[PDB]
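This is protein_32.cif. It holds mmCIF, C-alpha atoms and all ligand atoms.
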data_data
loop_
_atom_site.group_PDB
_atom_site.id
_atom_site.type_symbol
_atom_site.label_atom_id
_atom_site.label_comp_id
_atom_site.auth_asym_id
_atom_site.auth_seq_id
_atom_site.Cartn_x
_atom_site.Cartn_y
_atom_site.Cartn_z
ATOM 1 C CA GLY Y 1 20.710 19.343 -18.105
ATOM 2 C CA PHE Y 2 20.499 16.793 -15.297
ATOM 3 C CA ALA Y 3 17.634 16.192 -12.856
ATOM 4 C CA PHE Y 4 17.246 13.936 -9.815
ATOM 5 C CA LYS Y 5 14.277 13.302 -7.547
ATOM 6 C CA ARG Y 6 13.809 10.849 -4.694
ATOM 7 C CA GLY Y 7 10.869 8.673 -3.782
ATOM 8 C CA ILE Y 8 8.839 8.745 -0.586
ATOM 9 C CA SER Y 9 9.464 6.860 2.664
ATOM 10 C CA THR Y 10 8.268 3.247 2.961
ATOM 11 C CA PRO Y 11 5.757 4.217 5.698
ATOM 12 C CA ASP Y 12 4.495 7.146 3.538
ATOM 13 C CA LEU Y 13 3.766 4.814 0.582
ATOM 14 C CA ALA Y 14 2.161 2.293 2.968
ATOM 15 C CA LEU Y 15 -0.207 4.952 4.348
ATOM 16 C CA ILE Y 16 -1.444 6.417 1.016
ATOM 17 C CA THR Y 17 -1.814 2.935 -0.570
ATOM 18 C CA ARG Y 18 -3.870 1.714 2.445
ATOM 19 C CA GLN Y 19 -5.956 4.874 2.434
ATOM 20 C CA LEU Y 20 -6.659 4.675 -1.320
ATOM 21 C CA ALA Y 21 -7.477 0.957 -1.145
ATOM 22 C CA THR Y 22 -9.882 1.595 1.764
ATOM 23 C CA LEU Y 23 -11.704 4.351 -0.149
ATOM 24 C CA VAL Y 24 -11.935 2.611 -3.536
ATOM 25 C CA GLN Y 25 -13.180 -0.595 -1.918
ATOM 26 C CA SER Y 26 -15.940 1.371 -0.182
ATOM 27 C CA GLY Y 27 -17.446 2.318 -3.612
ATOM 28 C CA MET Y 28 -16.355 5.969 -3.861
ATOM 29 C CA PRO Y 29 -15.279 7.373 -7.250
ATOM 30 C CA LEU Y 30 -11.538 7.242 -7.915
ATOM 31 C CA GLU Y 31 -11.221 11.020 -8.255
ATOM 32 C CA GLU Y 32 -12.964 11.573 -4.884
ATOM 33 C CA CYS Y 33 -10.725 8.939 -3.224
ATOM 34 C CA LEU Y 34 -7.605 10.694 -4.522
ATOM 35 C CA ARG Y 35 -8.907 13.992 -3.148
ATOM 36 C CA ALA Y 36 -9.522 12.480 0.314
ATOM 37 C CA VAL Y 37 -6.043 10.936 0.477
ATOM 38 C CA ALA Y 38 -4.477 14.276 -0.539
ATOM 39 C CA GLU Y 39 -6.563 16.301 1.910
ATOM 40 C CA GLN Y 40 -5.832 13.851 4.750
ATOM 41 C CA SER Y 41 -2.033 13.981 4.180
ATOM 42 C CA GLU Y 42 0.350 15.623 6.698
ATOM 43 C CA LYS Y 43 3.074 15.810 4.016
ATOM 44 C CA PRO Y 44 2.926 18.760 1.548
ATOM 45 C CA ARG Y 45 4.907 16.901 -1.111
ATOM 46 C CA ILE Y 46 2.507 13.910 -1.007
ATOM 47 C CA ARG Y 47 -0.476 16.287 -1.080
ATOM 48 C CA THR Y 48 0.871 18.049 -4.206
ATOM 49 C CA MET Y 49 1.586 14.702 -5.979
ATOM 50 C CA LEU Y 50 -1.875 13.277 -5.329
ATOM 51 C CA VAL Y 51 -3.556 16.544 -6.494
ATOM 52 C CA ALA Y 52 -1.444 16.150 -9.685
ATOM 53 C CA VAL Y 53 -2.298 12.425 -10.008
ATOM 54 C CA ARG Y 54 -5.987 13.357 -9.496
ATOM 55 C CA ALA Y 55 -5.804 16.119 -12.095
ATOM 56 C CA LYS Y 56 -4.670 13.651 -14.771
ATOM 57 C CA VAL Y 57 -7.421 11.178 -13.714
ATOM 58 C CA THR Y 58 -10.070 13.906 -14.164
ATOM 59 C CA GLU Y 59 -8.561 14.699 -17.609
ATOM 60 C CA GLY Y 60 -9.444 11.045 -18.475
ATOM 61 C CA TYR Y 61 -6.077 9.337 -17.905
ATOM 62 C CA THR Y 62 -5.985 5.925 -16.183
ATOM 63 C CA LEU Y 63 -4.638 5.694 -12.618
ATOM 64 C CA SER Y 64 -1.642 3.665 -13.862
ATOM 65 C CA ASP Y 65 -0.858 6.284 -16.559
ATOM 66 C CA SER Y 66 -1.274 9.051 -13.995
ATOM 67 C CA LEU Y 67 1.107 7.429 -11.443
ATOM 68 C CA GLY Y 68 3.667 7.194 -14.279
ATOM 69 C CA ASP Y 69 4.139 10.960 -13.880
ATOM 70 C CA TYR Y 70 5.921 9.969 -10.614
ATOM 71 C CA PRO Y 71 8.072 7.002 -11.602
ATOM 72 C CA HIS Y 72 10.531 7.846 -8.800
ATOM 73 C CA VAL Y 73 7.618 7.219 -6.325
ATOM 74 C CA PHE Y 74 5.676 4.320 -7.924
ATOM 75 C CA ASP Y 75 8.000 1.714 -9.484
ATOM 76 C CA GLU Y 76 7.226 -0.274 -12.674
ATOM 77 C CA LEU Y 77 5.864 -3.249 -10.698
ATOM 78 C CA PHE Y 78 3.457 -1.077 -8.666
ATOM 79 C CA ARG Y 79 2.211 0.665 -11.841
ATOM 80 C CA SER Y 80 1.847 -2.706 -13.701
ATOM 81 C CA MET Y 81 -0.303 -4.057 -10.871
ATOM 82 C CA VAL Y 82 -2.473 -0.907 -11.146
ATOM 83 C CA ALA Y 83 -2.724 -1.297 -14.942
ATOM 84 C CA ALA Y 84 -3.768 -4.980 -14.584
ATOM 85 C CA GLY Y 85 -6.596 -4.076 -12.194
ATOM 86 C CA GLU Y 86 -7.795 -1.291 -14.492
ATOM 87 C CA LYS Y 87 -7.528 -3.509 -17.577
ATOM 88 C CA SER Y 88 -9.495 -6.309 -15.899
ATOM 89 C CA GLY Y 89 -12.054 -4.343 -13.844
ATOM 90 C CA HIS Y 90 -10.390 -5.335 -10.550
ATOM 91 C CA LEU Y 91 -8.858 -2.061 -9.442
ATOM 92 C CA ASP Y 92 -10.308 -2.527 -5.918
ATOM 93 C CA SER Y 93 -8.649 -5.961 -5.425
ATOM 94 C CA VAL Y 94 -5.281 -4.870 -6.857
ATOM 95 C CA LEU Y 95 -5.148 -1.778 -4.602
ATOM 96 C CA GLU Y 96 -5.841 -4.033 -1.588
ATOM 97 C CA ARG Y 97 -2.960 -6.305 -2.686
ATOM 98 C CA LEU Y 98 -0.653 -3.305 -3.192
ATOM 99 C CA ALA Y 99 -1.627 -1.956 0.275
ATOM 100 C CA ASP Y 100 -0.754 -5.307 1.934
ATOM 101 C CA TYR Y 101 2.441 -5.319 -0.097
ATOM 102 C CA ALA Y 102 3.378 -1.723 0.890
ATOM 103 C CA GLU Y 103 2.737 -2.503 4.603
ATOM 104 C CA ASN Y 104 4.920 -5.666 4.452
ATOM 105 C CA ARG Y 105 7.662 -3.655 2.659
ATOM 106 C CA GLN Y 106 7.561 -0.950 5.364
ATOM 107 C CA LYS Y 107 7.851 -3.480 8.217
ATOM 108 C CA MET Y 108 10.766 -5.371 6.691
ATOM 109 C CA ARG Y 109 12.675 -2.240 5.581
ATOM 110 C CA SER Y 110 12.207 -0.451 8.923
ATOM 111 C CA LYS Y 111 13.352 -3.594 10.813
ATOM 112 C CA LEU Y 112 16.479 -3.778 8.674
ATOM 113 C CA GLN Y 113 17.239 -0.030 8.985
ATOM 114 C CA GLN Y 114 16.738 -0.216 12.766
ATOM 115 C CA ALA Y 115 18.984 -3.308 13.057
ATOM 116 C CA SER Y 116 21.806 -1.494 11.186
ATOM 117 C CA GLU Y 117 21.598 1.503 13.564
ATOM 118 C CA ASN Y 118 21.294 -0.569 16.749
ATOM 119 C CA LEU Y 119 24.369 -2.630 15.861
ATOM 120 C CA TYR Y 120 26.487 0.265 14.546
ATOM 121 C CA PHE Y 121 25.948 2.235 17.752
HETATM 122 CA CA CA Z 201 -5.530 -7.129 3.267
#
Any chance you could put this one into structure tokens?
Ligand SMILES: [Ca+2]
Amino acid sequence: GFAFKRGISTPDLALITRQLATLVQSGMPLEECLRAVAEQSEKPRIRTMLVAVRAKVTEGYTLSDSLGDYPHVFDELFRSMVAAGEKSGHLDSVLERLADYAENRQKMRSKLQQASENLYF
């Protein structure tokens, strides 16, 4: 019947996107980068997802295709950016952009959430 899953927190996405961008830009293979981000995670759910994303990458699927198994986590814009890097041979640069993006999203969202709580109480 019906299913419903939620995404991850804005700081959680900011962390894994920064970590992945750091690793890929350093020249490490994508599969190894995904393993490092998973094994460095404090969050079981994020660990499990990245193992699953990695598993598809090792079966030959693109990163963008693989992230599409978690559309509740990585929205269409995020996955399009990934696809454009992969298509063009600029996966490193796009991940850097997405990491800056995810960090700016976390800051603005957290500021707004905090402002709501401060004022309400
Ligand atoms: Ca940057």
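A distance search around ligand CA 201 (chain Z) (8 Å at most, all atoms listed in the file) returns the following protein and nucleic acid residues: residues 96, 97, 99 and 100 of chain Y.
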Convert the output of the PyMOL selection byres (((chain Y and resi 95) around 9) and not hetatm) on the shown file into explicit residues, formatted as a PyMOL selection string.
-> chain Y and resi 17-18+20-22+24-25+81-82+85+90-94+96-100
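Closest to residue Y:113 among Y:76, Y:10, Y:34, Y:2 is Y:10, based on only C-alpha atoms.
Atom pair atom CA of residue Y:5 / atom CA of residue Y:72: separated by 6.7 Å.
Note that atom CA of residue Y:13 and atom CA of residue Y:119 are 26.7 Å apart.
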So what do you get for atom CA of residue Y:89 versus atom CA of residue Y:28, distance-wise?
-> 15.0 Å
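In terms of minimum interatomic distance to residue Y:43, Y:9 ranks closest within Y:114, Y:58, Y:64, Y:9, counting all atoms listed in the file.
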All residues 12 Å or closer to residue Y:54, all atoms listed in the file, same chain fewer than 4 positions away omitted, as a VMD selection string = chain Y and resid 20 29 to 39 47 to 50 58 to 67 69
Go through Y:73, Y:14, Y:46, Y:84 and flag the residue nearest residue Y:107, using all atoms listed in the file for the distances.
-> Y:14
Around stretch 36-44 of chain Y, with edges along x, y and z and 5 Å added on all six sides, what centre and edge lengths do you get, in Å to one decimal, as AutoDock Vina command-line options?
--center_x -3.2 --center_y 14.8 --center_z 3.1 --size_x 22.6 --size_y 17.8 --size_z 17.2
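The residue that comes closest to residue Y:103, out of Y:8, Y:3, Y:16, Y:57 and on the basis of all atoms listed in the file, is Y:16.
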